[PDB]
């Protein structure tokens, strides 16, 4: 398991937790030096448990699918909560079985279903460590509407941060003050799948992408990614979604 506590948390411990989060996911091959996520894992081992503690010390345990880094659900005291999606339902057969009751959310974990449930896009939802403390707090007590938004904060603080160093960096700048995500952040989140595909396809195309990826950069400008020499591939992306899942 991996853990993070917001009490006493700073850019340092956050980075360490994100480093752990990354190291917890297994892989057998690296593509252009980037861990390649497995096509699939069978049974309970398919899920990674993250113990998160808010500033007061309360905790929720989040189950993550180690093949894609998708959040399946979490445990709040003695109640389990899982998205309304096949994968999560499957996940419920293995994790938090001893919870006293199981609640299925009214939506899947997809960014689009989450934004609807929440009544606003990620664009306008401030993130950072403080925001992650709010999120943990919200999920301790069931509220599907407040949860959608806390869940959008959680996904980005943790899964997207493991996925991209840049996003991990974005969150460390927000260690003591939340801020809506830069568009480069939303761009990267939206492009993880495609970038993972083209990184793997480049492998026998001499590091050239079969199809270029369009991103938005730091300065907020439209940019094309055509091959593995881009900083995005050399520095940024830290985990790759196996094409066997794309």
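Numbering follows the first chain given and starts at 1.
When the Cα temperature factors in the entry are averaged, is it 183 to 191 or 213 to 221 that ends up higher?
Comparing averages over the C-alpha atoms only gives 213 to 221.
Determine which member of 148, 175, 159, 91 has the highest CA B-factor, using the values in the deposited entry.
Going by the entry's C-alpha B-factors, 91 comes out highest.
For residue 77, does the deposited CA B-factor place it in the lowest, middle or highest third of the chain?
It falls in the middle third of the chain.
Third of chain Cα B-factors occupied by residue 67
For residue 67, whose C-alpha B-factor we compare with every modelled residue in the chain, the answer is the middle third.
CA B-factor ranking of residue 61, expressed as a third of its chain:
Ranked within chain, residue 61 CA B lands in the lowest tercile.
Taking the C-alpha B-factors as the PDB entry records them, is residue 143 in the lowest, middle or highest third of its chain?
Lowest third of the chain for residue 143's C-alpha B-factor.
Using the temperature factors of the C-alpha atoms in this entry, rank residue 84 within its chain: lowest, middle or highest third.
Ranked within chain, residue 84 CA B lands in the middle tercile.
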